[PDB]
């Protein structure tokens, strides 16, 4: 396909269901892959402050095993996720992500689609505290909501692209998106947004949320099959 489509996983043993599809890349919300999967670029994630102790080793290991991208904190805007102030994330990004910029493309912390001061509000606060000192190759963003809200998904992704552009960051990865409903509604959502993302110059990569919901009893669900085939 486009080369944009990724596999976001928990159970590594479910990636096999997707073997041969138009998938370039994977991530697992962890700094280490939990094994090896041939033919796919694994992208390590510095999920939050619990990861600081191992991160330099984890990043070097990922670079040596062929990773060319690194992701920063997972939903620092959400207190049940990485739970970090914009100021804290800007300092930690400069400490833990910037040193890898010569050898890996670096993704921003990934924000939710919450209203300000969460979501892209948080992201703008983070890009303000960075003050040009964070080496950011792309913004990472998340959108979850009903399958009928395509309009709101596109609105959110366009808003993220525009925000990146105000701070000299050309492109985004949509590292989680989920058009929610029954399997039929989920497939209709993918039929609408997958082509839209594939032709969007602003979006480098994306991952429908997520491999372990798209696989039941070893088999792609109708939603997993649409993710493989659209």
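Positions refer to the first chain, counted from 1.
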item: Mean temperature factor over C-alpha atoms, higher-scoring stretch between 210-218 and 5-13; value: 210-218
item: Entry-level comparison of average CA B-factors, 112-120 and 72-80, reporting the higher stretch; value: 112-120
item: Among 43, 174, 59, 201 - the residue whose C-alpha B-factor is largest in the record; value: 201
item: Position of residue 184 among the chain's modelled residues by C-alpha B-factor, lowest, middle or highest third; value: highest
item: Within-chain third of residue 134 by Cα B-factor, per the entry; value: middle
item: Residue 89 CA temperature factor, ranked by third within the chain; value: lowest
item: CA B-factor ranking of residue 26, expressed as a third of its chain; value: lowest
item: Third assignment of residue 53 from its chain's C-alpha B-factors; value: middle
